[PDB]
Amino acid sequence: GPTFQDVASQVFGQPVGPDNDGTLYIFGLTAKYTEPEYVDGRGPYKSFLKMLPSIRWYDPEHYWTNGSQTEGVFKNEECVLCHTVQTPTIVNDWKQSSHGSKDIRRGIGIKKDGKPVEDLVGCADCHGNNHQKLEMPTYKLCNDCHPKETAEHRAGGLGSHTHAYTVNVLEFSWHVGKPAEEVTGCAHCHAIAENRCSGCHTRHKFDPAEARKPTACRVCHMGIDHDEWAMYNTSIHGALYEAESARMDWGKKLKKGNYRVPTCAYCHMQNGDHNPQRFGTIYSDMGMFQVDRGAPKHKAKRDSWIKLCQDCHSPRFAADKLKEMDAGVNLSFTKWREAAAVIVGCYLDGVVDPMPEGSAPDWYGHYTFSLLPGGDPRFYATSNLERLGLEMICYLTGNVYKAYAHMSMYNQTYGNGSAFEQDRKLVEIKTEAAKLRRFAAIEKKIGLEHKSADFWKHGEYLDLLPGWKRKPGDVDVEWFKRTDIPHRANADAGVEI
Amino acid sequence: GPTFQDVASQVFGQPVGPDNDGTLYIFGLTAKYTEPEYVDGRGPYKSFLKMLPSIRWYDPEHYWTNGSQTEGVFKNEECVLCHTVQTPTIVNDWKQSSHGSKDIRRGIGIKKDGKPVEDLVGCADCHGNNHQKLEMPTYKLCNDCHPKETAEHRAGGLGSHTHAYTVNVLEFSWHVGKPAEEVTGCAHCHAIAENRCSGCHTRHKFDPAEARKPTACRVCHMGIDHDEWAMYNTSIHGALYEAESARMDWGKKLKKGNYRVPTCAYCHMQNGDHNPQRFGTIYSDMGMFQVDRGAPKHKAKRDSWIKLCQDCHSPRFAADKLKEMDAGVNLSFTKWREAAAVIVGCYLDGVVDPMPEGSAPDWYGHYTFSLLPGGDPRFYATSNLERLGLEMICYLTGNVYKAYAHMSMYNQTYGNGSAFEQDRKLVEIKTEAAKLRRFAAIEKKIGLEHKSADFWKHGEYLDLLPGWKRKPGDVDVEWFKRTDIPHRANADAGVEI
Amino acid sequence: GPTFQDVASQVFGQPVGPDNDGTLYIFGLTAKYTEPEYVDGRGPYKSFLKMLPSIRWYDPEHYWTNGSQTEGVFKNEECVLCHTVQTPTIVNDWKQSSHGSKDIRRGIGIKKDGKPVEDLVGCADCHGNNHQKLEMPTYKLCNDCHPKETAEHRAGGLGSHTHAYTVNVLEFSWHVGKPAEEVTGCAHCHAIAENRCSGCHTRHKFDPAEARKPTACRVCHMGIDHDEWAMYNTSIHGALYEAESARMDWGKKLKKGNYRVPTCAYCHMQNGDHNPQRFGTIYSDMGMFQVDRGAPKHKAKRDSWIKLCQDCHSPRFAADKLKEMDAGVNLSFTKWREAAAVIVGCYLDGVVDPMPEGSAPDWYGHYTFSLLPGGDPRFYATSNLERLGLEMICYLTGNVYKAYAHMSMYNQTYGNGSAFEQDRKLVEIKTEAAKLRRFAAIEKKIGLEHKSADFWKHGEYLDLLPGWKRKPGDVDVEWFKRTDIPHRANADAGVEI
Ligand code: HEC
Ligand code: HEC
Ligand code: HEC
Ligand code: HEC
Ligand code: HEC
Ligand code: HEC
Ligand code: HEC
Ligand code: HEC
Ligand code: HEC
Ligand code: HEC
Ligand code: HEC
Ligand code: HEC
């Protein structure tokens with residue numbers, strides 16, 4: 001019996017075929033999905049988690065292998081001579097780095113194995129001398145000569161660069177719940193933050209001045225679920241950054257009195273601290289958890305922030321601005337709690353369409369409401385009501401905090417992730433709930449037995465989801481028993497975390 | 001009987017508590033809203049309008065009080081010596097300002113009380129000498145020495161910087177209709193524009209070159225309801241600004257022949273005019289009111305714009321571009337009028353869900369349709385149909401004008417605030433109306449008496465709204481009787497404006 | 001019988017009048033639409049296609065006429081002397097161009113009619129000497145002296161600058177289907193790309209260094225249907241561009257080793273090639289057509305891209321990144337095919353509201369489902385289901401490709417045009433389909449004969465659409481018979497293309 005592709009083929013006169021064969025498929029209609037080559041993912045869901053093979057660059061300790069065609073054992077200078085031709089910009093970068101140029105060194109006292117590093121740190125020093133045994137480093141290499149910065153980079157808790165990949169990719173519902181090729185960018189964004197030292201000061205220049213700029217953060221620290229770049233950019237600080245970036249001195253260390261305009265790094269890597277999370281009052285799951293940072297119990301952290309602001313402001317002004325945040329955040333949660341009551345009420349009254357049993361199982365293998373304890377809050381493969389709910393708490397409520405934290409007058413109120421966007425989302429949620437309730441009331445009165453449509457449960461994409469193949473004993477709970485890393489409180493973790 | 005918080009508490013094992021106590025509330029579910037400390041707002045709705053106390057910085061004439069812990073009467077140089085340590089960037093800014101550095105003065109002839117100002121204008125000159133009686137200035141201070149710029153800053157009409165706060169915060173429906181902490185950024189954005197001289201050339205450098213850049217405007221002149229920054233930025237002018245900003249001479253006055261690339265200030269503060277509103281053809285409520293700026297009655301203003309463009313263009317080309325605006329704007333209103341007919345038709349047929357009596361009262365205390373005379377057009381605490389209507393007229397239709405005015409080919413057509421966004425919004429409006437009509441038709445036929453859900457009327461946020469507490473005699477109509485400021489035509493103004 | 005305007009007039013106390021008379025119409029409610037002055041459009045739909053007269057600047061060969069008031073025959077230097085006063089920036093630009101300044105010439109060997117061009121190329125050389133017979137050039141002028149660049153500019157296929165206007169304005173459904181003043185920016189954006197040489201290096205400086213910057217492309221290469229600027233900008237390449245733009249050497253030709261940071265022009269105008277389309281693997285209708293660019297048949301193009309990336313990367317790394325694109329793209333089409341099945345299923349079951357006969361005819365004059373062969377896929381004047389479908393394939397699916405092509409980790413996954421936006425759009429589509437099916441099921445059971453509302457078919461804007469006036473013989477099929485340009489496969493082309 002014909003598939004969608006089969007029928008499309010009969011209509012468009014293009015044969016059905018595999019997506020991967022190079023055919024230009026008209027609106028992709030007659031193409032069949034082919035699973036890409038995978039490698040096994042790590043972590044507690046290693047029984048089914050996959051990665052694309054290009055994970056080799058980002059978790060090289062577990063995936064890196066020789067894939068070079070060039071043979072030989074070479075000295076540093078030979079690496080440079082050939083790569084001047086073969087990858088010129090890498091050499092140009094390296095020649096403009098302190099590693100490759102003594103002229104710009106600052107005599108900071110770098111040591112390896114207790115001995116001063118006075119030579120060039122060349123290609124072979126970081127990648128190995130044998131071209132068939134090249135190394136793809138992590139912070140572990142950098143630790144050899146930069147232990148202070150590495151220790152700090154490794155000092156964060158859950159929600160920091162430190163466990164971005166190990167915990168918050170490998171344990172994370174939205175990542176583990178999707179086909180690997182859909183979420184490659186998630187693995188890499190989070191893995192760059194954790195495993196590398198090049199997220200802010202990029203290879204191969206490794207220039208701290210570059211790392212001080214907002215461009216060192218905004219590729220990752222952006223978007224609908226954590227819009228801090230946009231919040232910063234739409235503050236007067238951000239406008240002044242844009243106004244002054246071209247002519248200001250970026251060569252100054254991030255210290256009181258060295259900058260007129262504060263950047264991400266100025267406020268979050270104060271005095272060059274490589275554990276930027278630590279200045280935060282408390283981890284709040286991106287502002288989805290409500291906390292009044294101006295409460296007496298958080299006075300030390302609030303006072304610290306006020307003192308940071310006092311580099312360039314009255315501390316009274318700074319205190320007032322952070323109180324505005326506290327107040328704005330508290331007001332924002334009234335709208336979320338309204339939304340949550342409406343949404344859960346629909347579920348409890350059994351009027352959500354689809355109900356959980358009418359959707360594909362969640363990534364746990366459960367037919368459980370996403371906005372209930374044990375559920376999987378999400379924006380995909382779920383009801384419209386649940387999607388809107390997730391958007392309310394994650395995209396909007398969380399970002400109200402970010403808007404206030406970063407002094408974006410517009411995004412606190414009108415703009416993306418604002419009070420007024422919350423208002424509109426709340427209307428949408430109530431609209432969905434109202435529709436659901438009216439349909440159910442009508443169907444009950446006329447004795448129409450409504451069944452949710454099959455497209456909520458099955459489809460070309462839905463059928464790929466891991467929920468379908470979850471089975472008892474498929475969780476590596478020993479991973480969750482580990483105490484050397486934090487963990488996410490997943491429903492099927494099976495142990496104490 | 002249990003509240004949402006109570007039930008959540010029983011499920012999540014986290015006690016109910018006040019939002020402000022510092023507890024990290026899981027999804028904010030068990031937190032209770034606590035009203036922040038307020039001060040009374042000013043204006044015609046002073047009987048219930050509130051502000052957060054941090055309004056002290058932005059309407060200091062009515063709210064500023066001593067809040068310093070430092071005592072003493074100091075000379076200018078003493079301010080500097082201590083603040084070099086205590087707020088270094090303020091001192092650094094000031095030292096780089098003409099106020100604090102004679103070397104960059106231009107001999108413009110500044111006078112105070114008819115006498116030339118030849119000395120430094122120091123911290124104490126602007127803030128006072130007594131640290132327990134420090135002053136937080138407005139344009140009134142600046143007027144002492146810069147009467148021309150101040151007079152112009154104070155010469156605008158409604159819709160200008162001049163009355164941004166006094167009228168368009170204190171009289172404005174969306175501001176007065178919401179809890180104060182929700183709209184702090186509104187008060188401050190508008191108050192910075194009105195009461196300060198630092199919106200464009202920031203303190204403490206007060207650098208006109210900074211004020212010439214689009215960064216001097218875009219923090220405020222952005223977003224879904226007035227997207228002129230995005231419109232400018234997505235024009236060739238805006239692209240050239242980005243291309244040339246780093247190397248161009250920003251030290252030149254905004255005059256014909258001094259710039260290749262026009263900025264906001266170039267076109268709207270022509271020849272340094274500090275009443276930027278005046279170059280506009282006519283105030284149109286952000287493009288929500290339809291006016292053909294190319295009509296004979298507006299020839300003087302159109303000719304003036306053409307002559308401005310002629311700094312760098314054929315006047316025929318400029319005339320053609322502004323005619324494109326006129327035509328594009330006129331076409332855009334056909335879609336709004338379509339939407340309005342659909343929406344009002346739903347109300348007149350009584351098929352909106354909720355109907356106004358099913359929602360919380362509007363900020364006037366009325367159960368009145370928002371898109372009818374006397375109603376309160378809005379995006380919050382209203383029906384989905386009404387929300388979509390407001391979005392159509394304000395977010396989209398108004399911004400089509402901005403897209404054309406600023407030569408954004410993309411945003412005129414495809415992009416944010418465009419013709420095609422209007423198209424999609426119109427489909428959405430018709431979709432909502434269609435759903436409403438189908439439900440009503442079904443319910444009528446089967447004799448189901450539909451009542452709008454209680455969540456349209458009551459909820460944790462909805463219950464905070466001022467509409468609930470409005471009562472006869474709660475408007476200060478004497479404020480509206482004032483002829484020394486313009487006014488908004490509010491439904492409960494009670495007098496002639 | 002009263003129109004909307006008539007009724008509004010009785011309520012607001014503002015007379016009905018033509019939109020163009022200069023009246024400030026309250027919410028545009030009582031204004032009547034007046035058709036702007038048009039000129040006839042060119043192309044196969046010339047029988048009804050219109051343009052605003054300002055098309056004169058963009059298709060000057062067919063529309064340019066004298067419109068100057070200045071008389072005289074002048075020498076180059078006289079043009080300059082007067083225009084120094086009359087249009088100073090044009091002269092300033094020209095004086096800073098190689099055309100107007102021998103000092104910055106590079107001796108490249110420019111010839112006209114086989115003879116070296118050693119003089120200044122002045123205003124009169126490009127525009128003519130007679131001020132009543134001034135010329136408005138296209139690439140045809142530039143060809144006189146820059147044949148190589150012009151030939152390349154003219155070497156592209158469909159989907160390139162080369163036919164942007166001639167084919168993809170004049171034959172394009174969304175353009176020909178709308179009133180001319182609505183889509184002026186479409187005509188001009190596409191005409192600037194095709195007919196001019198100033199899209200990237202603007203007049204009158206014609207500076208290649210400017211053309212190398214992303215600002216040379218992003219005014220056009222942006223937005224919801226082709227967001228490559230945003231994709232680039234949210235890649236590490238884009239962040240580094242922003243970090244380095246102010247201080248980097250933009251005077252270097254776009255060659256291996258000359259740049260650390262790649263721009264649009266670096267990758268798509270490799271070695272100064274003025275046919276940027278040619279580096280693309282295959283034209284895929286902006287990613288709406290599915291093709292695996294990593295398939296064996298595309299090896300040459302894939303290898304070429306890998307070698308380009310190898311300017312600054314391992315070719316293995318580059319190969320891996322482009323494989324990530326292939327995989328991400330293939331996954332993205334599963335969601336589109338899901339959506340398409342749901343949407344077409346609704347049509348085949350006759351439950352779309354409106355059905356095509358309930359909407360205004362499409363621009364062909366047909367009452368045909370937009371997402372069926374022969375239909376007109378669109379976001380306007382169609383059902384909500386069809387609008388959402390178009391958004392899914394065009395705005396989202398197409399941009400997933402762009403997100404991967406440009407290394408935007410965030411926009412591949414979370415952001416604009418991402419996997420997760422596809423997820424949410426798919427929920428929306430299923431939500432619309434579910435609603436449609438539930439209404440139809442209820443109406444069938446209770447014997448309610450539902451007719452789609454008249455507002456789907458008629459309205460102030462809908463009534464302006466060309467579909468209403470289409471008639472047999474109104475297509476210039478001789479245009480489509482042309483073999484010297486490619487064509488769009490329009491339903492009423494009437495001949496082989
Ligand atoms: C240590 C200080 C390094 C030196 C010296 C050089 N490289 Fe490097 N390189 C380094 C790291 C830590 C990484 C991993 C990625 C990251 O950002 O952390 C890399 C990566 C590469 C790659 C692959 C990535 C790519 O862009 O293709 C190549 C091909 C590479 N490095 C080559 C290279 C050459 C030729 C060098 C000498 C001129 C060189 N590297 C210096 C760390 C270090
Ligand atoms: C100082 C003026 C800041 C600048 C510049 C930027 N941010 Fe910030 N950030 C700042 C504050 C006062 C806060 C609230 C912290 C508190 O505990 O009160 C934040 C918050 C964040 C967060 C969340 C941190 C947390 O929840 O603990 C992030 C991830 C963040 N900021 C990132 C960030 C980026 C990327 C910035 C540049 C674009 C940036 N911040 C600017 C202070 C300041
Ligand atoms: C962004 C979050 C960063 C990450 C991740 C890493 N570094 Fe960094 N680094 C960053 C900034 C903003 C600065 C300048 C800080 C300042 O005070 O101005 C730096 C600086 C360094 C330095 C120079 C130290 C010195 O004594 O001058 C080194 C040696 C350094 N960084 C190393 C380093 C290592 C080893 C990292 C991984 C563990 C690493 N950095 C990550 C920003 C960021
Ligand atoms: C960079 C381009 C990112 C991509 C892609 C993904 N996310 Fe992310 N993540 C990013 C940042 C900067 C932040 C921190 C914001 C803050 O205020 O802390 C986040 C955080 C989330 C977290 C925490 C969510 C929580 O418990 O509240 C997790 C678990 C997470 N990110 C994982 C993750 C994965 C795997 C993604 C794809 C499925 C997703 N992120 C996209 C930026 C990066
Ligand atoms: C007049 C020309 C001024 C001089 C000289 C100095 N300041 Fe000022 N300051 C001025 C104004 C008009 C304002 C109000 C805010 C605005 O933008 O209009 C301020 C503000 C302050 C503040 C509070 C705001 C903050 O950022 O914390 C402080 C603490 C302050 N000013 C201090 C200060 C010092 C120490 C000065 C001498 C070095 C100084 N100001 C000069 C106007 C003027
Ligand atoms: C000249 C090339 C301009 C530049 C640069 C910017 N704007 Fe503009 N603006 C311009 C015109 C011709 C118009 C239409 C005015 C008319 O009467 O025809 C506008 C409109 C505005 C408005 C609305 C003004 C009104 O309705 O009276 C605002 C608020 C505005 N522009 C702001 C603005 C900003 C913030 C800009 C930089 C980002 C900017 N404009 C650029 C001309 C030009
Ligand atoms: C943005 C809307 C501004 C506001 C609000 C204020 N100023 Fe301004 N100022 C602005 C610009 C763009 C410029 C340069 C204009 C030009 O022609 O290039 C200026 C300049 C000044 C100057 C210098 C005047 C001179 O003779 O050189 C002064 C003294 C000045 N501005 C003062 C001033 C005052 C007192 C303000 C509040 C009343 C004020 N400015 C507001 C932009 C803007
Ligand atoms: C700066 C960050 C703003 C915030 C926050 C708010 N608005 Fe605003 N306002 C802003 C600008 C630049 C404009 C002018 C746009 C133009 O084309 O004129 C506006 C204008 C509105 C107006 C006029 C609306 C009308 O009658 O048509 C008012 C009444 C208004 N703004 C008030 C207001 C308040 C109080 C806000 C929160 C409730 C809101 N604005 C956000 C920019 C600033
Ligand atoms: C050829 C190399 C040129 C020279 C020398 C000058 N101009 Fe030009 N101009 C040229 C072209 C190809 C165009 C069409 C637009 C495009 O971008 O392709 C133009 C346009 C104009 C216009 C109208 C457009 C406008 O911005 O108003 C004018 C008024 C104009 N040009 C005037 C002008 C003057 C005075 C010149 C000498 C100083 C001059 N141009 C030089 C190409 C060329
Ligand atoms: C190199 C690092 C690039 C930069 C910088 C930019 N783009 Fe790109 N683009 C690049 C690749 C590898 C691809 C995929 C091509 C393939 O066949 O695999 C693309 C794609 C595009 C397209 C579509 C081309 C097509 O489908 O044939 C466009 C229109 C495009 N890119 C434009 C563009 C712009 C405007 C950029 C700057 C903002 C830009 N690209 C950057 C490589 C690179
Ligand atoms: C963007 C897509 C462009 C369009 C359209 C046109 N040009 Fe261009 N041009 C562009 C770039 C990025 C560059 C620099 C390329 C490099 O290798 O760095 C150029 C350069 C030129 C030159 C200089 C050639 C030389 O020998 O140095 C010329 C003479 C030139 N361009 C002419 C030209 C003409 C005639 C065009 C229309 C047919 C044209 N360009 C369009 C970018 C773009
Ligand atoms: C510049 C400001 C644009 C506007 C306005 C319009 N479009 Fe466009 N068009 C633009 C670009 C950069 C691209 C290329 C993207 C790529 O990846 O190739 C497009 C492409 C479309 C195409 C092809 C659609 C197809 O068959 O798949 C056409 C037909 C098209 N553009 C036409 C067109 C018209 C006439 C518009 C208004 C109705 C529309 N575009 C807006 C950028 C420009």
# chains A, B, ... in the order shown; residues from 1 in each chain; ligands from 1
call {"tool": "select_by_dssp", "arguments": {"residues": "segment 190-322 of chain B", "states": "helix (DSSP H, G or I)", "output": "VMD selection string"}}
result
chain B and resid 190 to 195 208 to 211 214 to 216 228 to 233 236 to 244 264 to 268 270 to 272 276 to 279 296 to 309 315 to 322
call {"tool": "interface_residues", "arguments": {"of": "chain B", "to": "chain A", "cutoff": "7 Å", "atoms": "only C-alpha atoms", "output": "ChimeraX atom specification"}}
result
/B:4,19-29,33,36,54,87-90,181-183,185-186,189,210,213,215,219-220,223-224,246,379-380,383-384,453,459-461
call {"tool": "write_last_selection", "arguments": {"atoms": "C-alpha atoms", "output": "PDB file, in the first residue's frame"}}
result
ATOM      1  CA  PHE B   4      -2.675  26.587  42.968  1.00  0.00           C
ATOM      2  CA  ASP B  19       8.021  34.999  46.395  1.00  0.00           C
ATOM      3  CA  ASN B  20      10.347  37.477  48.118  1.00  0.00           C
ATOM      4  CA  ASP B  21      11.906  35.292  50.860  1.00  0.00           C
ATOM      5  CA  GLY B  22      14.824  34.023  48.735  1.00  0.00           C
ATOM      6  CA  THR B  23      13.565  30.468  48.337  1.00  0.00           C
ATOM      7  CA  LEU B  24      14.320  28.904  44.956  1.00  0.00           C
ATOM      8  CA  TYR B  25      10.775  28.029  43.930  1.00  0.00           C
ATOM      9  CA  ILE B  26      10.545  25.038  41.596  1.00  0.00           C
ATOM     10  CA  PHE B  27       9.020  26.521  38.407  1.00  0.00           C
ATOM     11  CA  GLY B  28       7.754  29.286  40.716  1.00  0.00           C
ATOM     12  CA  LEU B  29       4.788  27.009  41.440  1.00  0.00           C
ATOM     13  CA  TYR B  33       2.984  37.049  44.824  1.00  0.00           C
ATOM     14  CA  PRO B  36       6.668  45.356  46.003  1.00  0.00           C
ATOM     15  CA  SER B  54      13.720  53.767  41.721  1.00  0.00           C
ATOM     16  CA  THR B  87      33.239  55.170  40.912  1.00  0.00           C
ATOM     17  CA  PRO B  88      36.261  55.335  38.596  1.00  0.00           C
ATOM     18  CA  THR B  89      34.458  55.260  35.241  1.00  0.00           C
ATOM     19  CA  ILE B  90      32.299  58.259  36.128  1.00  0.00           C
ATOM     20  CA  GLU B 181       6.877  46.719  38.432  1.00  0.00           C
ATOM     21  CA  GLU B 182       5.708  45.245  35.119  1.00  0.00           C
ATOM     22  CA  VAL B 183       6.241  48.530  33.282  1.00  0.00           C
ATOM     23  CA  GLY B 185      11.161  50.081  31.750  1.00  0.00           C
ATOM     24  CA  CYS B 186       8.354  52.025  30.089  1.00  0.00           C
ATOM     25  CA  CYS B 189      12.611  54.739  28.666  1.00  0.00           C
ATOM     26  CA  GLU B 210      28.424  59.423  20.194  1.00  0.00           C
ATOM     27  CA  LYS B 213      25.497  57.262  15.871  1.00  0.00           C
ATOM     28  CA  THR B 215      23.333  53.553  18.875  1.00  0.00           C
ATOM     29  CA  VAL B 219      17.799  51.292  22.531  1.00  0.00           C
ATOM     30  CA  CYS B 220      14.469  53.117  22.518  1.00  0.00           C
ATOM     31  CA  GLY B 223      10.916  46.699  18.424  1.00  0.00           C
ATOM     32  CA  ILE B 224       7.637  45.202  17.378  1.00  0.00           C
ATOM     33  CA  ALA B 246      34.726  51.999  12.378  1.00  0.00           C
ATOM     34  CA  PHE B 379      -2.739  42.722  23.638  1.00  0.00           C
ATOM     35  CA  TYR B 380      -3.350  41.563  27.244  1.00  0.00           C
ATOM     36  CA  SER B 383      -9.803  37.975  23.652  1.00  0.00           C
ATOM     37  CA  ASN B 384      -7.524  36.381  21.098  1.00  0.00           C
ATOM     38  CA  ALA B 453     -14.248  30.255  30.928  1.00  0.00           C
ATOM     39  CA  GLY B 459      -6.366  34.648  37.688  1.00  0.00           C
ATOM     40  CA  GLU B 460      -3.300  35.484  39.736  1.00  0.00           C
ATOM     41  CA  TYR B 461      -2.250  38.226  37.309  1.00  0.00           C
TER      42      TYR B 461
END
call {"tool": "residues_around", "arguments": {"residues": "residue 465 of chain B", "least_positions_apart": "3", "cutoff": "7 Å", "atoms": "only C-alpha atoms", "output": "short mmCIF file (atom, residue, chain, number, x, y, z; two decimals) with N, CA and C atoms, in the first residue's frame"}}
result
data_model
loop_
_atom_site.label_atom_id
_atom_site.label_comp_id
_atom_site.auth_asym_id
_atom_site.auth_seq_id
_atom_site.Cartn_x
_atom_site.Cartn_y
_atom_site.Cartn_z
N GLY B 177 -2.67 50.82 33.23
CA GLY B 177 -3.44 49.58 33.33
C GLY B 177 -2.72 48.38 33.91
N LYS B 178 -1.44 48.54 34.27
CA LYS B 178 -0.63 47.41 34.72
C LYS B 178 0.07 47.67 36.05
N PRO B 179 0.39 46.60 36.80
CA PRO B 179 1.18 46.77 38.01
C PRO B 179 2.51 47.46 37.71
N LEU B 462 -4.49 38.56 36.42
CA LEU B 462 -5.70 39.35 36.11
C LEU B 462 -6.28 40.05 37.34
N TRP B 468 -10.45 46.50 38.39
CA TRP B 468 -11.25 46.00 39.50
C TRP B 468 -11.54 47.04 40.57
#
call {"tool": "residues_near_ligand", "arguments": {"ligand": "ligand 5", "cutoff": "9 Å", "atoms": "only C-alpha atoms and all ligand atoms", "output": "MDAnalysis selection string"}}
result
(chainID A and resid 309:310 312:318) or (chainID B and resid 57:58 60 76:77 79:84 86:95 97 99:100 120:127 135:139 141:142 192 195:199 202:206)
call {"tool": "residues_around", "arguments": {"residues": "residue 218 of chain B", "least_positions_apart": "5", "cutoff": "9 Å", "atoms": "only C-alpha atoms", "output": "MDAnalysis selection string"}}
result
(chainID A and resid 234 239) or (chainID B and resid 227:230 264)
call {"tool": "write_last_selection", "arguments": {"atoms": "C-alpha atoms", "output": "mmCIF file, in the first residue's frame"}}
result
data_model
loop_
_atom_site.group_PDB
_atom_site.id
_atom_site.type_symbol
_atom_site.label_atom_id
_atom_site.label_comp_id
_atom_site.auth_asym_id
_atom_site.auth_seq_id
_atom_site.Cartn_x
_atom_site.Cartn_y
_atom_site.Cartn_z
ATOM 1 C CA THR A 234 19.333 46.383 23.641
ATOM 2 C CA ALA A 239 24.525 50.376 22.446
ATOM 3 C CA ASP B 227 10.987 49.044 14.600
ATOM 4 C CA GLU B 228 12.764 52.019 12.997
ATOM 5 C CA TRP B 229 16.216 50.786 14.069
ATOM 6 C CA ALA B 230 15.612 47.455 12.300
ATOM 7 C CA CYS B 264 18.939 58.734 12.666
#
call {"tool": "residues_around", "arguments": {"residues": "residue 176 of chain B", "least_positions_apart": "6", "cutoff": "9 Å", "atoms": "only C-alpha atoms", "output": "PDB file with N, CA, C and O atoms, in the first residue's frame"}}
result
ATOM      1  N   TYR B  45      -4.147  59.780  37.016  1.00  0.00           N
ATOM      2  CA  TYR B  45      -4.519  58.538  37.693  1.00  0.00           C
ATOM      3  C   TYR B  45      -3.713  58.313  38.969  1.00  0.00           C
ATOM      4  O   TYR B  45      -3.572  57.180  39.434  1.00  0.00           O
ATOM      5  N   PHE B  48      -4.490  55.819  41.967  1.00  0.00           N
ATOM      6  CA  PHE B  48      -4.064  54.412  41.999  1.00  0.00           C
ATOM      7  C   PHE B  48      -2.731  54.101  41.305  1.00  0.00           C
ATOM      8  O   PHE B  48      -2.176  53.021  41.512  1.00  0.00           O
ATOM      9  N   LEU B  49      -2.217  55.018  40.485  1.00  0.00           N
ATOM     10  CA  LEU B  49      -0.957  54.769  39.791  1.00  0.00           C
ATOM     11  C   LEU B  49       0.166  54.682  40.801  1.00  0.00           C
ATOM     12  O   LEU B  49       0.255  55.508  41.713  1.00  0.00           O
ATOM     13  N   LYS B  50       1.020  53.678  40.622  1.00  0.00           N
ATOM     14  CA  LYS B  50       2.179  53.481  41.461  1.00  0.00           C
ATOM     15  C   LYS B  50       3.440  53.495  40.609  1.00  0.00           C
ATOM     16  O   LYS B  50       3.388  53.369  39.380  1.00  0.00           O
ATOM     17  N   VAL B 169       3.570  58.484  29.611  1.00  0.00           N
ATOM     18  CA  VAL B 169       3.608  57.455  30.646  1.00  0.00           C
ATOM     19  C   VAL B 169       2.407  57.664  31.558  1.00  0.00           C
ATOM     20  O   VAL B 169       1.561  56.781  31.688  1.00  0.00           O
ATOM     21  N   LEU B 170       2.311  58.852  32.148  1.00  0.00           N
ATOM     22  CA  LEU B 170       1.330  59.099  33.201  1.00  0.00           C
ATOM     23  C   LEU B 170      -0.131  59.032  32.740  1.00  0.00           C
ATOM     24  O   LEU B 170      -1.009  58.767  33.559  1.00  0.00           O
ATOM     25  N   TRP B 363      -8.875  48.874  32.148  1.00  0.00           N
ATOM     26  CA  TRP B 363      -8.282  49.745  33.162  1.00  0.00           C
ATOM     27  C   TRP B 363      -9.173  50.936  33.530  1.00  0.00           C
ATOM     28  O   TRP B 363      -8.949  51.570  34.551  1.00  0.00           O
ATOM     29  N   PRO B 466      -5.910  47.164  37.645  1.00  0.00           N
ATOM     30  CA  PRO B 466      -6.592  48.313  38.239  1.00  0.00           C
ATOM     31  C   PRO B 466      -8.086  48.409  37.937  1.00  0.00           C
ATOM     32  O   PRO B 466      -8.822  49.024  38.713  1.00  0.00           O
TER      33      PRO B 466
END
